[PDB]
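A short write-up of the structure that comes next.
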Amino acid sequence: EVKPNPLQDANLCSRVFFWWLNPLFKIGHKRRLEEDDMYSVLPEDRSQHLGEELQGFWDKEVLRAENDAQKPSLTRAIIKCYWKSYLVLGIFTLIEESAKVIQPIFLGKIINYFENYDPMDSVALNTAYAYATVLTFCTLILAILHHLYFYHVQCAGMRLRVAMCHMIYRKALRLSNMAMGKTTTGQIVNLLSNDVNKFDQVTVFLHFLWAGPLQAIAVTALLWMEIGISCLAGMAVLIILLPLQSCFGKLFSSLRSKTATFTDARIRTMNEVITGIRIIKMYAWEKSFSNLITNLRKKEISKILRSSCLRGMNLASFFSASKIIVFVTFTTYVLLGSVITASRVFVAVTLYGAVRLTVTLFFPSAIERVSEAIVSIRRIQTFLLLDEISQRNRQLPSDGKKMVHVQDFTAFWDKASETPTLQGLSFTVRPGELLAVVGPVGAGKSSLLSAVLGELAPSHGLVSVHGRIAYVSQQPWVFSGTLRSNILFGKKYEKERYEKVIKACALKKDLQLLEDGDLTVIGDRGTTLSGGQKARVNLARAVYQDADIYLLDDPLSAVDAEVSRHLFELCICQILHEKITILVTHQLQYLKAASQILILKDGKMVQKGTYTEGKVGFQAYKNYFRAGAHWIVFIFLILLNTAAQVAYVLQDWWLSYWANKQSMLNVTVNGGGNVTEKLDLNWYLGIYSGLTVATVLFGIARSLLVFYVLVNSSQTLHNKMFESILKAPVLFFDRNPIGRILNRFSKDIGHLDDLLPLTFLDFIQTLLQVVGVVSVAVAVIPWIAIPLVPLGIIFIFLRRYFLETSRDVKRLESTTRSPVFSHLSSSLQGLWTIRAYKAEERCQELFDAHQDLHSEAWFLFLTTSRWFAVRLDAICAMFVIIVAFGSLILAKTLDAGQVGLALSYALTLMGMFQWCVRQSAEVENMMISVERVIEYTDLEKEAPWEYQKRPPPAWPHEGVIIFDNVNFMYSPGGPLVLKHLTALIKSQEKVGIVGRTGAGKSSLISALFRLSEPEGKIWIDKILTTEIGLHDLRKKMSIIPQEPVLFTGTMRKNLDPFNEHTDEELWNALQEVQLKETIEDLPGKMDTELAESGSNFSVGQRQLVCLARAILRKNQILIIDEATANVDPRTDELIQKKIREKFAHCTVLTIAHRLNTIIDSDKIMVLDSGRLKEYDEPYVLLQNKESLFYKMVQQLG
Ligand SMILES: C[C@@H]1CC[C@@]2(OC1)O[C@H]1C[C@H]3[C@@H]4CC=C5C[C@@H](OCCC(CO)CO)CC[C@]5(C)[C@H]4CC[C@]3(C)[C@H]1[C@@H]2C
Ligand SMILES: C[C@@H]1CC[C@@]2(OC1)O[C@H]1C[C@H]3[C@@H]4CC=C5C[C@@H](OCCC(CO)CO)CC[C@]5(C)[C@H]4CC[C@]3(C)[C@H]1[C@@H]2C
Ligand SMILES: C[C@@H]1CC[C@@]2(OC1)O[C@H]1C[C@H]3[C@@H]4CC=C5C[C@@H](OCCC(CO)CO)CC[C@]5(C)[C@H]4CC[C@]3(C)[C@H]1[C@@H]2C
Ligand SMILES: C[C@@H]1CC[C@@]2(OC1)O[C@H]1C[C@H]3[C@@H]4CC=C5C[C@@H](OCCC(CO)CO)CC[C@]5(C)[C@H]4CC[C@]3(C)[C@H]1[C@@H]2C
Ligand SMILES: C[C@@H]1CC[C@@]2(OC1)O[C@H]1C[C@H]3[C@@H]4CC=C5C[C@@H](OCCC(CO)CO)CC[C@]5(C)[C@H]4CC[C@]3(C)[C@H]1[C@@H]2C
Ligand SMILES: C[C@@H]1CC[C@@]2(OC1)O[C@H]1C[C@H]3[C@@H]4CC=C5C[C@@H](OCCC(CO)CO)CC[C@]5(C)[C@H]4CC[C@]3(C)[C@H]1[C@@H]2C
Ligand SMILES: C[C@@H]1CC[C@@]2(OC1)O[C@H]1C[C@H]3[C@@H]4CC=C5C[C@@H](OCCC(CO)CO)CC[C@]5(C)[C@H]4CC[C@]3(C)[C@H]1[C@@H]2C
Ligand SMILES: C[C@@H]1CC[C@@]2(OC1)O[C@H]1C[C@H]3[C@@H]4CC=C5C[C@@H](OCCC(CO)CO)CC[C@]5(C)[C@H]4CC[C@]3(C)[C@H]1[C@@H]2C
Ligand SMILES: C[C@@H]1CC[C@@]2(OC1)O[C@H]1C[C@H]3[C@@H]4CC=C5C[C@@H](OCCC(CO)CO)CC[C@]5(C)[C@H]4CC[C@]3(C)[C@H]1[C@@H]2C
Ligand SMILES: C[C@@H]1CC[C@@]2(OC1)O[C@H]1C[C@H]3[C@@H]4CC=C5C[C@@H](OCCC(CO)CO)CC[C@]5(C)[C@H]4CC[C@]3(C)[C@H]1[C@@H]2C
Ligand SMILES: C[C@@H]1CC[C@@]2(OC1)O[C@H]1C[C@H]3[C@@H]4CC=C5C[C@@H](OCCC(CO)CO)CC[C@]5(C)[C@H]4CC[C@]3(C)[C@H]1[C@@H]2C
Ligand SMILES: C[C@@H]1CC[C@@]2(OC1)O[C@H]1C[C@H]3[C@@H]4CC=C5C[C@@H](OCCC(CO)CO)CC[C@]5(C)[C@H]4CC[C@]3(C)[C@H]1[C@@H]2C
Ligand SMILES: C[C@@H]1CC[C@@]2(OC1)O[C@H]1C[C@H]3[C@@H]4CC=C5C[C@@H](OCCC(CO)CO)CC[C@]5(C)[C@H]4CC[C@]3(C)[C@H]1[C@@H]2C
Ligand SMILES: C[C@@H]1CC[C@@]2(OC1)O[C@H]1C[C@H]3[C@@H]4CC=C5C[C@@H](OCCC(CO)CO)CC[C@]5(C)[C@H]4CC[C@]3(C)[C@H]1[C@@H]2C
Ligand SMILES: CN(Cc1cnc2nc(N)nc(N)c2n1)c1ccc(C(=O)N[C@@H](CCC(=O)O)C(=O)O)cc1
Ligand SMILES: Nc1ncnc2c1ncn2[C@@H]1O[C@H](COP(=O)(O)OP(=O)(O)NP(=O)(O)O)[C@@H](O)[C@H]1O
Ligand SMILES: CCCCCCCCCCCCCCCC(=O)O
Ligand SMILES: [Mg+2]
């Protein structure tokens, strides 16, 4: 196979340290990874194996439920399948919990040694060394073993996901027709896409369901044994932290919902602006959409700011939660009359930190993921119990005959429907005869196709279909694979028959067309073909695959007569000599190749007659931030962050200093306790309370400020983007697909509004916490700086060596995930022919291969992530060992408080470091959206809407426009389309100027509607067109598009978005233009909210309302962008009467392919190669004596 998984031959040490992954990274560092550089899935992880095992378990569960007469449970089957393999990992989770719980005990033993320091006690030093050895043993167990266990847990989750997908596909291939109608293909694709990924997550935290509450209990016990009932107080706060935060989360969700609605609305308008941007710029309607989007964005940014404030409050609350817990518990401790010591204080601090992280991060996450997985299992289960075809029976004996007969069959697509689709049909088919049903679609040719017991199971009829069915559908379908596979469809390669189809079936054209040849791989979803090829290849599969019964829904209609005649002589008469030839047709040639004709209506068979009857630079970050706020604000922000972290560390430093001062104090004030230098509770307690209050306040302020500045940056960037895009040239929209721009406006902006601020704030917070831990350790033991310089350096290199590969693997997993869904989708389009060919196992194997490839991707992703995690935690464990033992080596220059503080922070460095590195990677990956946003933010814009000119009103005094040696450039650096066009429009005249091409007539538009870029001297109103701004130029030009599109919003906004017409004006304007009978009946009257792009208005009414807007607009000219021809005839007679008296107020120029629309026009601009050779009236031109007019009259018609 491919390079076999080294995990098979990997020994225990290599598997724990992921040593076997080393070669891959090497190649991952040498070049770019592909699918060939991949590792095959393990034999026990193959999709077929897991699918079969879960099939057995689920079938057993179904049988048990049926025996005991209750609804079967999928959760029961999943548990009964994976519980043995999961409880062992729960064993390891017990071990991990025990190590995490008992590490602070040995921390307290070392600190107690420091508390009772005696330089002459060697035995105490040896005991402390042994305690440090046990502590580092525990942290290595925690470091390299939680990661091996985590990889196994994630592998279990991936196994569950793969088995579930195999289950779903196996069910889908056996789904029913009416069930297919009940459930859409989108629902099933969604099941494979987002509803099954939850199983990849729940398994991560499932064991915590019993690990969290238990560990918590244990911690409480230990805490009691240290400080008694006071510990409970701290625990109480932790408990309070569980509901309240969850409660706020609920509120969070609510706010999110509201924002969603606004976003959708905005996005809708976004689509409506980008798809019809040409029209928006054509009509000079930019102000209306601009203000509408401004209002929508303002509301959205208000709701997003509220949600961001809530999330920032949550982050600040968790950041300061440890201090609140410690402050409460130790204030209770001191106020009860006790005296604090470094050992007990820092044991309590470490235990509280561990238990708080567990209880407040893993347990609620475990509950949330379990609930999501439960609802997903419920949905997937109700799909697996979705009614399947009432059991599709293996076909009845194909005993050499072709005896089929239908006698008063009343069974349809939906049995409950009383309206007959097919019945009356009562005939008998004999072996070898050729039949061919021909006639109108009717209501049952599909039933004759499905007469293979597809969807017409006989309620009263009885059809003995014998033989092998070759079904061809209305829409031919081509599956994912190689052209050999689609032609072959499981059949063995037969060269001569393949040649036979290439000659008789005339596929040599396709051989020529394919870019690779006879080895050409069918593209994804089989696109490397055309409709003729898919229909022909369906018939080709049937005839090559030498089936017996051939059901063809008009495949010879699509193909040409040559191939059709070839298959009658060669195939239908000779090769398909003893095959069923059900062929619907409408030409006269397959009508005359047939022997029997079937014509159908609702049910009753009328007759049976015969014939004669990579990274983002500092510029990106700088522009994002300076887009956020003034650099003074950023100086204030970094000062606030530093103050917050300083207060966070100093709250514990105050406890440590109390301990250090307390150590000197124990020496004189405790042992020599007669003087009773009682600690001034007011003084000491006040500084402690002030420090913790300052920590809380500074954390809250920093979180709020970061969120506010980032959200403000997002809002300014979005506003700038809309303003910039609104001024984008039509060239940008022509070059860039609509989907690309819509995606840039939707996904990146959603990122910048939701994910980027939160991730950036979390990364900054965690990085500051890590820096605080490192600085505490360095401050306590300065020599710790010496080994820290190499370690960090190594980390940097390591990071690169991972990322350079990691991104690639991630990219690979993205490109390997969409094929699976497409194959499922492919199965859904052609399920009929899949069941027709009895090819369920082949499609199952193809889906299994697609899933196995994606399983390779997912396995690589999990394993590489664990490799990096193992090395990072090894670095952190090395740091903890270094701190604890360098503390032990000297000890002379250190006291209990400093050692306790430093060790507790080293004991917390691990999780924080993991969070910070992964979050930094996430931020760096997500900043590509910011890069794209800045790219759109600075695209080239056109001339300003108003320049300086500003003509006096009543401007279109003359309406005279001329062109004077213009050399047209359609696109900069493109072809030449107009060279010295010299038209003449008189003053104060109901006369117009029109060109023809989307760029020649747009040249006219550049002169007035402003959409192309003519070079030549242009005289509008005896003033050059150039000096007039965009809108001040766009204002006096009325126009009708090829497709008079309609925009979502009120009816009032569509008729007049600028509100320049008084109400009785719209009333009498629509009655004069006769739309009033249509609009009076509209429920919204004038302010009717239109449907999706004006669905209710007819196309005749859409052109009518655009001409009507122009009429209220009261311009003197109007351009019909080749629209006098694509006019509905009531409108044609109408528009003739219009330019006689109704558009009398607007000038129409009729350029068209409908000659009747142009004979009436006063002037015709004849153009060859896009050039005006002759310019005079049509009447001289229309007769025979004329050059080009006579050519269009002759040849063009
Ligand atoms: C995960 C597990 C949790 C429980 C547990 O294991 C790991 O935690 C360990 C702590 C250990 C003690 C630590 C300190 C010393 C001092 C040392 O001093 C020798 C002095 C001599 C020089 O050799 C003369 O100077 C003798 C041994 C002793 C008492 C350990 C005994 C075993 C203990 C109890 C272990 C216990 C089974
Ligand atoms: C509700 C939450 C879940 C359960 C739990 O947390 C809170 O509820 C707490 C009750 C605590 C015990 C109450 C009283 C004492 C007596 C004391 O002094 C006398 C000693 C002498 C008595 O016979 C000889 O042992 C020693 C400690 C002990 C046993 C407590 C231990 C911790 C315990 C089990 C805590 C436990 C983890
Ligand atoms: C959900 C709940 C939130 C918080 C809470 O429980 C859980 O946290 C507990 C802490 C308790 C105090 C701890 C110790 C004592 C002992 C005794 O005073 C010493 C007497 C004598 C002994 O030798 C001289 O030392 C009297 C009672 C007192 C003050 C407790 C009162 C109730 C308190 C405040 C509890 C409070 C309701
Ligand atoms: C965990 C949650 C956060 C809020 C809270 O619990 C829930 O946190 C607890 C702190 C408790 C106080 C701690 C200490 C004392 C001193 C004692 O005085 C006799 C001392 C004696 C020897 O020192 C003679 O001097 C009387 C009781 C009192 C005031 C407690 C009252 C209840 C308080 C306020 C609790 C409060 C409701
Ligand atoms: C602290 C004590 C020790 C531990 C423990 O007890 C208390 O903590 C509890 C957490 C409980 C689960 C939390 C959430 C759910 C989801 C729900 O599914 C959605 C259904 C809904 C969707 O809309 C309605 O349809 C099903 C129940 C389940 C899995 C709980 C199971 C029992 C559990 C494991 C309990 C466990 C024994
Ligand atoms: C990012 C920033 C880099 C620099 C910096 O912050 C973070 O690093 C901090 C460390 C601080 C010192 C720590 C300990 C002491 C000892 C004591 O000196 C004798 C006192 C004696 C005679 O007065 C008493 O009897 C007090 C002062 C001193 C030197 C601190 C000074 C400020 C310093 C330099 C801070 C400085 C602004
Ligand atoms: C981004 C953040 C900006 C600020 C910050 O981090 C990064 O900068 C660090 C400065 C550190 C203190 C410097 C000096 C000491 C003295 C030491 O004792 C000396 C005794 C001596 C006798 O020989 C040596 O042995 C005890 C600790 C303490 C107070 C430090 C605590 C942590 C502090 C506050 C850190 C603080 C959080
Ligand atoms: C921008 C940042 C704002 C905060 C901050 O930096 C800059 O401001 C600094 C002030 C520092 C303290 C100055 C003096 C002392 C006294 C010393 O006690 C000697 C006892 C005895 C020995 O002989 C005397 O004779 C212990 C250390 C301590 C408390 C410093 C702690 C760290 C502090 C709080 C620093 C803190 C990180
Ligand atoms: C940002 C935060 C604000 C500032 C702050 O944290 C950071 O900085 C810390 C430094 C601490 C002081 C260090 C050393 C001394 C020793 C001794 O000095 C007696 C001198 C007096 C009598 O002889 C002369 O008249 C008494 C205690 C004192 C002043 C500490 C008190 C608490 C202080 C001010 C802490 C305070 C909360
Ligand atoms: C940052 C925010 C501002 C408010 C605040 O946090 C949040 O700031 C904290 C500082 C605390 C005070 C510090 C020092 C003392 C002196 C002591 O006695 C002195 C006697 C003698 C010297 O020995 C005088 O010369 C009495 C208590 C008192 C006033 C504290 C009270 C509580 C206070 C006000 C805290 C308060 C909650
Ligand atoms: C972070 C939170 C906000 C700020 C704050 O709380 C915590 O940080 C503390 C800094 C403290 C002062 C620093 C240095 C000393 C000198 C020393 O000795 C000289 C005084 C002498 C007479 O001149 C007699 O001691 C002790 C007193 C004093 C002035 C502190 C007072 C309390 C203050 C103002 C606290 C303040 C409210
Ligand atoms: C984000 C950054 C992480 C790293 C870092 O900043 C923040 O963390 C700070 C901790 C600082 C030390 C704290 C305490 C002291 C004691 C003092 O005692 C002199 C007494 C006498 C004998 O020399 C004077 O004559 C000497 C200096 C020293 C060791 C600091 C050095 C600078 C350090 C390492 C800082 C370092 C750049
Ligand atoms: C790149 C890294 C930056 C940090 C660091 O490494 C390199 O820079 C080093 C400088 C060292 C100090 C130098 C001088 C002295 C004087 C001495 O007083 C007795 C003097 C007597 C006997 O030496 C003369 O003969 C006490 C110790 C002290 C303060 C050192 C402490 C450790 C320090 C801070 C080291 C620290 C780990
Ligand atoms: C804690 C763990 C320690 C080991 C380890 O993980 C962490 O550290 C990682 C760093 C990786 C190396 C980075 C760069 C090079 C480049 C090139 O050699 C240049 C040679 C030239 C440079 O100066 C002269 O020597 C070839 C590859 C090599 C050596 C990488 C190999 C794999 C290494 C050793 C990884 C290894 C698994
Ligand atoms: C300490 N910390 C910081 C942090 C940041 N934001 C938070 N936000 C909230 N709401 N709650 C928290 N507890 C929290 N914690 C952590 C710790 C662990 C993980 C964690 O769940 N998992 C692994 C990786 C697993 C994963 O989440 O994908 C890690 O990187 O530490 C996340 C954040
Ligand atoms: N999915 C379906 N659900 C219900 N009824 C259906 C379905 N598909 C087809 N029908 C029935 O069949 C009718 C369509 O005519 P059909 O028998 O498919 O003609 P045809 O095969 O399209 N003929 P031609 O186009 O000339 O090859 C429908 O109007 C229904 O009566
Ligand atoms: C304490 C953890 C810090 C993590 C922050 C990331 C620091 C990365 C510094 C190097 C950036 C990348 C250098 C070029 C290589 C690349 O293309 O990624
Ligand atoms: Mg049909």
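Each chain of the structure tokens is named A, B, ... in the order shown, its residues numbered from 1; ligands are numbered from 1 in display order.
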- [ ] Run DSSP on the backbone of this structure and report the residues of region 1005-1120 of chain A it assigns to strand (DSSP E or B), as JSON, numbers by chain.
- [x] {"A": [1017, 1018, 1019, 1020, 1023, 1024, 1038, 1039, 1040, 1050, 1089, 1117, 1118, 1119, 1120]}
Task: Spatial neighbours of residue 488 (chain A), max dist 9 Å, only C-alpha atoms, sep filter under 5 positions, as JSON, numbers by chain - done: {"A": [483, 493, 540, 541, 544, 545]}
Task: Test item: residues at most 9 Å from residue 18 (chain A), only C-alpha atoms, excluding those fewer than 3 positions along its chain, as a ChimeraX atom specification - done: /A:7,10,13-15,21-22,148,863-864,866-867,870
Which chain A residues have any atom within 6 Å of an atom of ligand 17, and for each, what is the nearest pair of atoms with distance in Å to one decimal, counting only C-alpha atoms and all ligand atoms, rows sorted by chain and number, as a tab-separated table?
residue	atom	partner	partner_atom_place_in_ligand_line	distance
A:615	CA	ligand 17	17 (O)	5.2
A:767	CA	ligand 17	1 (C)	5.9
A:800	CA	ligand 17	15 (C)	5.6
A:917	CA	ligand 17	4 (C)	5.5
A:920	CA	ligand 17	5 (C)	5.9
- [ ] Could you jot down the CA of residue 440 (chain A) to atom 23 (N, counted along the ligand's line) of ligand 16 separation for me, Å, one decimal place?
- [x] 6.4 Å
Residues near region 1026-1039 of chain A, anyone? I mean within 8 Å using only C-alpha atoms, not counting same-chain ones fewer than 2 positions away, as a PDB file with C-alpha atoms, in the first residue's frame.
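As written to disk, around17.pdb reads:
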ATOM      1  CA  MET A 282     -26.888  52.559 -13.621  1.00  0.00           C
ATOM      2  CA  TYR A 283     -29.831  54.189 -11.802  1.00  0.00           C
ATOM      3  CA  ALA A 284     -27.843  56.531  -9.482  1.00  0.00           C
ATOM      4  CA  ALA A 943     -13.729  59.679  -9.976  1.00  0.00           C
ATOM      5  CA  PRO A 944     -15.575  61.455  -7.146  1.00  0.00           C
ATOM      6  CA  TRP A 945     -19.348  61.749  -7.493  1.00  0.00           C
ATOM      7  CA  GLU A 946     -19.127  65.572  -7.588  1.00  0.00           C
ATOM      8  CA  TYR A 947     -15.901  67.231  -8.622  1.00  0.00           C
ATOM      9  CA  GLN A 948     -15.805  71.019  -8.530  1.00  0.00           C
ATOM     10  CA  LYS A 949     -17.766  71.839 -11.680  1.00  0.00           C
ATOM     11  CA  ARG A 950     -21.252  71.787 -10.117  1.00  0.00           C
ATOM     12  CA  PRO A 951     -23.189  73.170 -13.070  1.00  0.00           C
ATOM     13  CA  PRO A 956     -29.520  69.621 -19.605  1.00  0.00           C
ATOM     14  CA  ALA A1007     -20.688  60.266 -21.291  1.00  0.00           C
ATOM     15  CA  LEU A1008     -23.896  60.363 -19.203  1.00  0.00           C
ATOM     16  CA  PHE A1009     -24.548  57.251 -17.018  1.00  0.00           C
ATOM     17  CA  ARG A1010     -20.738  56.825 -16.284  1.00  0.00           C
ATOM     18  CA  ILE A1018     -16.708  64.200 -25.530  1.00  0.00           C
ATOM     19  CA  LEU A1024     -16.868  67.963 -21.897  1.00  0.00           C
ATOM     20  CA  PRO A1041     -31.938  47.178 -18.354  1.00  0.00           C
ATOM     21  CA  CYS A1106     -38.715  51.041 -14.356  1.00  0.00           C
ATOM     22  CA  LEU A1107     -40.200  53.094 -17.211  1.00  0.00           C
ATOM     23  CA  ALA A1110     -38.228  57.286 -15.335  1.00  0.00           C
ATOM     24  CA  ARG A1113     -38.049  61.203 -12.830  1.00  0.00           C
ATOM     25  CA  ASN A1115     -35.785  63.280 -17.657  1.00  0.00           C
ATOM     26  CA  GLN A1116     -35.498  64.203 -21.319  1.00  0.00           C
ATOM     27  CA  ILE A1117     -33.504  61.152 -22.413  1.00  0.00           C
ATOM     28  CA  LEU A1118     -33.680  57.453 -21.745  1.00  0.00           C
ATOM     29  CA  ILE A1119     -31.709  54.516 -23.058  1.00  0.00           C
ATOM     30  CA  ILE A1120     -33.171  51.079 -23.646  1.00  0.00           C
ATOM     31  CA  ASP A1121     -30.196  48.777 -23.180  1.00  0.00           C
ATOM     32  CA  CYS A1146     -38.743  60.749 -22.246  1.00  0.00           C
TER      33      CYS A1146
END
Would you pick out the contacts of residue 645 (chain A) at 9 Å or less, using only C-alpha atoms, so that residues sharing its chain but fewer than 5 positions from it are not included, and give the list as a tab-separated table (two decimals) with C-alpha atoms, in the first residue's frame?
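As a result, result-v5.tsv now contains:
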chain	number	residue	atom	x	y	z
A	640	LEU	CA	-3.78	48.80	31.82
A	650	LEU	CA	1.07	41.03	43.54
A	695	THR	CA	-6.90	42.89	40.33
A	698	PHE	CA	-8.10	46.09	36.30
A	699	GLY	CA	-9.00	42.77	34.70
A	765	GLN	CA	-4.37	37.54	28.71
A	768	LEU	CA	0.62	37.94	30.18
A	769	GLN	CA	-0.10	35.18	32.70
A	772	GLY	CA	4.03	36.64	35.02
What are the closest atom pairs, with distances in Å to one decimal, for all residues of chain A lying within 8 Å of ligand 2? Consider only C-alpha atoms and all ligand atoms, order rows by chain and residue number, and present the result as JSON lines.
{"residue": "A:217", "atom": "CA", "partner": "ligand 2", "partner_atom_place_in_ligand_line": "37 (C)", "distance": 5.2}
{"residue": "A:218", "atom": "CA", "partner": "ligand 2", "partner_atom_place_in_ligand_line": "37 (C)", "distance": 6.2}
{"residue": "A:219", "atom": "CA", "partner": "ligand 2", "partner_atom_place_in_ligand_line": "37 (C)", "distance": 7.6}
{"residue": "A:220", "atom": "CA", "partner": "ligand 2", "partner_atom_place_in_ligand_line": "37 (C)", "distance": 5.0}
{"residue": "A:221", "atom": "CA", "partner": "ligand 2", "partner_atom_place_in_ligand_line": "37 (C)", "distance": 4.1}
{"residue": "A:222", "atom": "CA", "partner": "ligand 2", "partner_atom_place_in_ligand_line": "32 (C)", "distance": 7.6}
{"residue": "A:224", "atom": "CA", "partner": "ligand 2", "partner_atom_place_in_ligand_line": "32 (C)", "distance": 5.7}
{"residue": "A:225", "atom": "CA", "partner": "ligand 2", "partner_atom_place_in_ligand_line": "27 (C)", "distance": 6.5}
{"residue": "A:228", "atom": "CA", "partner": "ligand 2", "partner_atom_place_in_ligand_line": "27 (C)", "distance": 7.4}
{"residue": "A:232", "atom": "CA", "partner": "ligand 2", "partner_atom_place_in_ligand_line": "7 (C)", "distance": 6.7}
Output file for the residues above (N, CA, C and O atoms, as a PDB file, in the first residue's frame):
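And here is the file that came out, part-v4.pdb:
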ATOM      1  N   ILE A 217     -14.322  16.691  45.188  1.00  0.00           N
ATOM      2  CA  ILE A 217     -14.519  16.211  46.551  1.00  0.00           C
ATOM      3  C   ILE A 217     -13.179  15.972  47.224  1.00  0.00           C
ATOM      4  O   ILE A 217     -12.899  16.510  48.304  1.00  0.00           O
ATOM      5  N   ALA A 218     -12.293  15.243  46.542  1.00  0.00           N
ATOM      6  CA  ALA A 218     -10.971  14.973  47.091  1.00  0.00           C
ATOM      7  C   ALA A 218     -10.263  16.261  47.469  1.00  0.00           C
ATOM      8  O   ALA A 218      -9.775  16.405  48.598  1.00  0.00           O
ATOM      9  N   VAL A 219     -10.262  17.239  46.560  1.00  0.00           N
ATOM     10  CA  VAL A 219      -9.587  18.497  46.854  1.00  0.00           C
ATOM     11  C   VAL A 219     -10.127  19.084  48.146  1.00  0.00           C
ATOM     12  O   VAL A 219      -9.364  19.409  49.066  1.00  0.00           O
ATOM     13  N   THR A 220     -11.456  19.129  48.275  1.00  0.00           N
ATOM     14  CA  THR A 220     -12.051  19.676  49.486  1.00  0.00           C
ATOM     15  C   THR A 220     -11.492  18.979  50.713  1.00  0.00           C
ATOM     16  O   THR A 220     -10.985  19.631  51.634  1.00  0.00           O
ATOM     17  N   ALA A 221     -11.484  17.644  50.693  1.00  0.00           N
ATOM     18  CA  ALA A 221     -10.946  16.903  51.825  1.00  0.00           C
ATOM     19  C   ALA A 221      -9.536  17.363  52.149  1.00  0.00           C
ATOM     20  O   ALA A 221      -9.259  17.799  53.274  1.00  0.00           O
ATOM     21  N   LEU A 222      -8.658  17.379  51.144  1.00  0.00           N
ATOM     22  CA  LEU A 222      -7.289  17.808  51.396  1.00  0.00           C
ATOM     23  C   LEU A 222      -7.267  19.211  51.973  1.00  0.00           C
ATOM     24  O   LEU A 222      -6.619  19.466  52.996  1.00  0.00           O
ATOM     25  N   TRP A 224      -9.473  20.763  53.693  1.00  0.00           N
ATOM     26  CA  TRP A 224      -9.866  20.716  55.094  1.00  0.00           C
ATOM     27  C   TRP A 224      -8.679  20.342  55.964  1.00  0.00           C
ATOM     28  O   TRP A 224      -8.305  21.088  56.879  1.00  0.00           O
ATOM     29  N   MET A 225      -8.003  19.244  55.616  1.00  0.00           N
ATOM     30  CA  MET A 225      -6.886  18.772  56.422  1.00  0.00           C
ATOM     31  C   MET A 225      -5.794  19.819  56.544  1.00  0.00           C
ATOM     32  O   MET A 225      -4.978  19.741  57.466  1.00  0.00           O
ATOM     33  N   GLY A 228      -8.886  23.414  57.657  1.00  0.00           N
ATOM     34  CA  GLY A 228     -10.166  23.240  58.303  1.00  0.00           C
ATOM     35  C   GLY A 228     -11.320  23.873  57.544  1.00  0.00           C
ATOM     36  O   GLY A 228     -11.272  24.092  56.330  1.00  0.00           O
ATOM     37  N   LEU A 232     -13.801  25.340  53.104  1.00  0.00           N
ATOM     38  CA  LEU A 232     -15.148  25.240  52.563  1.00  0.00           C
ATOM     39  C   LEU A 232     -15.592  26.568  51.973  1.00  0.00           C
ATOM     40  O   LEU A 232     -16.154  26.609  50.872  1.00  0.00           O
TER      41      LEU A 232
END
- [ ] Set the cut-off to 8 Å, count only C-alpha atoms and all ligand atoms, and list whatever residues fall near ligand 4 as a count of residues only.
- [x] 17
Open item on the list: Can you measure atom 29 (C, counted along the ligand's line) of ligand 3 to CA of residue 227 (chain A) for me? One decimal in Å is fine.
Closed with: 13.9 Å
